[PDB]
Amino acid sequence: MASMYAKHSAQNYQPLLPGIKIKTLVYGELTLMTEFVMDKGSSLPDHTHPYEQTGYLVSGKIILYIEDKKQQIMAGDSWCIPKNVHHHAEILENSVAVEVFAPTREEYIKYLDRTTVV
């Protein structure tokens, strides 16, 4: 089936934005999971995508903006951004986040680190 495992790795993070590196961990028929490695002082500009985006902060500290809201996000915090909802972020510290997209975000399939897929 669409079953897959993936092992953690410290390499193969593809650049996306200045200070923002991305890697697709796993994906299936309905979801796609990425891991965002973001550097202190960097920033995600405002963008909208036709994919629901639900996330979890593994480490670090960021400021997550959604619509009019502005919230400081630290390790263990989570968020769910519906499709086409404006969102951006300021990266205050070296942070890592796990973000799952739905439906399967076809564009990010190519970022999969196939060296770690079991």
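Residue numbers here begin at 1 and follow the sequence given.
According to the PDB record, 40 to 48 carries the higher mean C-alpha B-factor of the two stretches 73 to 81 and 40 to 48. The stretch with the higher mean CA B factor, choosing between 29 to 37 and 61 to 69, is 61 to 69. Sorting 97, 109, 20, 100 by the CA temperature factor given in the entry leaves 20 at the top. The PDB entry assigns residue 117 a C-alpha temperature factor belonging to the middle third of its chain's modelled residues. In the deposited entry, the Cα temperature factor of residue 6 sits in the bottom third of values across the chain's modelled residues.
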